[PDB]
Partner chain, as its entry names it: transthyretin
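Below you'll find only one chain, the form deposited without its partner chain, shown as structure tokens.
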């Protein structure tokens, strides 16, 4: 009875790019098909004077046949009419790293503690997502406080993803 249509999902009201800038540690991830970032995932958000948001990310990614590499990624965000919904062009500093262009939604944040991100790469014909991913970010790499954890869990359920996350470990691999 829950609505899982992507078009129904609420996102962060009056999203403030400047307040969102700085270091975000991925605490949990819902993987898309053909997952890329594995763990040790840390993102750095910036906004420039024209108000355009960009980011970098580092994380371990496992090329198949189990080659471990620390990916260094770059992302640039094109605004839409919703201040919390973006198009993210991304690529690796190395040519061979994955590149592409994903929807990037800030579903919720309080700027100084937690953030919930969401991307639907491909819709189902009923408006639900066929291929999604989602990061939960923390300002503190040791994790969220209980109050924020509980808010995030609610947001995870609203995205119809709450059963599908895994924890992201940080152990200095990069």
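Numbering follows the first chain given and starts at 1.
In what follows, reference is made to the form deposited with its partner chain bound, a form of this protein that is not presented.
Participant: Heavy atoms, 4.5 Å, its partner chain in the deposited bound form: which of 119-127, 60-68, 23-31, 134-142 makes the cut? Say which one.
Facilitator: Correct option: 60-68.
Participant: Would you classify residue 89 as touching its partner chain in the deposited bound form, given a 4.5 Å non-hydrogen atom cut-off?
Facilitator: Yes - in the deposited bound form, heavy atoms of residue 89 and its partner chain come within 4.5 Å of each other.
Participant: Though only this chain appears here, would residue 36 touch its partner chain in the deposited bound form if you measure heavy atom gaps against 4.5 Å?
Facilitator: Residue-level check for residue 36: yes, a contact with its partner chain.
Participant: Hey, in the deposited bound form, is residue 78 touching its partner chain, heavy atoms inside 4.5 Å?
Facilitator: No, residue 78 is distant from the partner.
Participant: Which of the residues spanning 88-105 lie within 4.5 Å of its partner chain in the deposited bound form, based on heavy atoms?
Facilitator: Result: 89, 91, 92, 93, 94, 95, 96, 97, 98, 99.
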